[PDB]
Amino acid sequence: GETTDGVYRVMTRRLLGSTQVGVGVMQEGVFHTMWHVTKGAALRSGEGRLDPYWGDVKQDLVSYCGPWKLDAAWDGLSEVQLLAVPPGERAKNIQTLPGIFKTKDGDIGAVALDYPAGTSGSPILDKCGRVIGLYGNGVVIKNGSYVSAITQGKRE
């Protein structure tokens, strides 16, 4: 199937018609997405099959065909871009200055941008085009708005 680096929609035919359940990143022959998009199920790419290789429900990440490859990090100062891939709509870059999720185990960057649930897995990029995390695991704040963590894995 298609192994070209880039951003991809994750589709299913299980429900009514074809439905987009998420998005992911193909880089160095590995497909990266959020665990809640696939629940660790195998994927199809044309005539080929992609099998899960690594995953963790708590980080809410999964990689296919190989280990997690994305290691860039938000510098804590600069604006970033969400390369949003909404269901039934063209991929679009949205620039923003991330907020912060403060936890008992350290702080994480967060983007306050609201897109449909099927946009989960859309990459967040730095000025060099490097993927610093995936969008789609976050919280709903006081006024009903959505804020996603900038979720990044570890490159072994």
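The numbering used is simple: start at 1 and walk along the sequence shown.
With 137 to 145 and 21 to 29 compared on mean CA B-factor from the PDB entry, the stretch scoring higher is 137 to 145. Mean C-alpha B-factor is higher over 103 to 111 than over the other stretch, the pair under comparison being 54 to 62 and 103 to 111.
Comparing the listed residues 77, 82, 85, 72, the entry records the largest Cα B-factor for 77. Per the PDB record, residue ranking by Cα B-factor puts residue 94 in the highest third of the chain.
For residue 124, the recorded CA temperature factor ranks within the lowest third of the chain's modelled residues.
Sort the chain's modelled residues by C-alpha temperature factor and residue 118 lands in the middle third, per the entry. Ranked within its chain, residue 36 lands in the lowest third, by CA B factor from the PDB record. The entry lists a Cα temperature factor for residue 11 that places it in the middle third of the chain's modelled residues.
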